[PDB]
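Shown below, as structure tokens, is a lone chain in the form deposited in one PDB entry; questions about how it binds or moves come after it.
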């Protein structure tokens, strides 16, 4: 337990996520107190929602912590798919919070501004700190998307609060809600697509275009007859696993062919390669 925290502070993304966790629960206590201070009209709901947000941040932090673990017999590849799974569940949570924004808009449908300013300062701190989001490339992408969704949703609710006061429109809140949900869903689509591609054992998109030339280079090797059962997939970000079977001549140089195939697929970016070499009868 004591050494768990030192591993957390050693890792940059983990320490930033713990910064966010501590800040989120501190402001949660503050706003819960302000909530039970005789103002529980809609803020109790807001309190519970940013508890959900803190849960998502905790999911990202836990994903990083498990990702830096050591492999064993049960988890021979490690726990490096935890970042991909976190990005996936964070994208799905963003879809669900888009649905919740839609429900909030439908709460009005056809028929004081102080928790939101601290939410705004929290979320601009998030934009500043997590600018490099764009195990970092998968966890920080989902965390950046979640923080952006909360950021721009709070922006939308403040836009509603400022339109009903300055010019007195009663329709802008549902329309800003549908704009809000549509924009965050459109933003979260690419991360879900990449996560689904990784978890479906799809060929890595960066590796996909360079693979036919790699197969041509392997087929050009002296004494190789055919390539079979070539499978490439993404383990984690920028780690590709590849397998293929080679039918070679009955007297082919298996050492040289193995070394050349490994070289060819190493220049392409395949970290883990398994080449089975089968000697032909004829």
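Positions refer to the first chain, counted from 1. What we label the rigid core is the largest C-alpha set whose atoms superpose within 1.5 Å from one form to the other.
Checked against the other entries of this protein, residue 151 counts as resolved in every one of those spanning it, not missing from a third of them. Across the other PDB entries of this protein whose models span the neighbouring residues, residue 170 goes unmodelled in a third or more. In the deposited sequence, the stretch from residue 134 to residue 135 hides 10 or more residues that have no coordinates. According to the entry, the deposited sequence has no residues without coordinates between residue 74 and residue 75, so the chain runs continuously there.
What comes next is about the form deposited in another entry, which is not displayed.
The one residue among 241, 249, 43, 227 whose Cα position changes by 2 Å or more between this form and the one not shown, with the core held fixed by superposition, is 43.
The Cα shift for residue 180 between this form and the one not shown, taken after rigid core superposition, is smaller than 2 angstroms. Taking the rigid core as fixed, one finds a CA shift for residue 16 of 2 Å or more between this form and the one not shown.
Superposition on the rigid core between this form and the one not shown places the CA atom of residue 276 less than 2 Å from its counterpart. In contrast to the form presented, in that other deposited form the C-alpha positions of residue 6 and residue 87 spread farther apart by 3 Å or more. Relative to this form, residue 25 and residue 95 approach one another in that other deposited form, with their C-alpha atoms ending up at least 3 Å closer.
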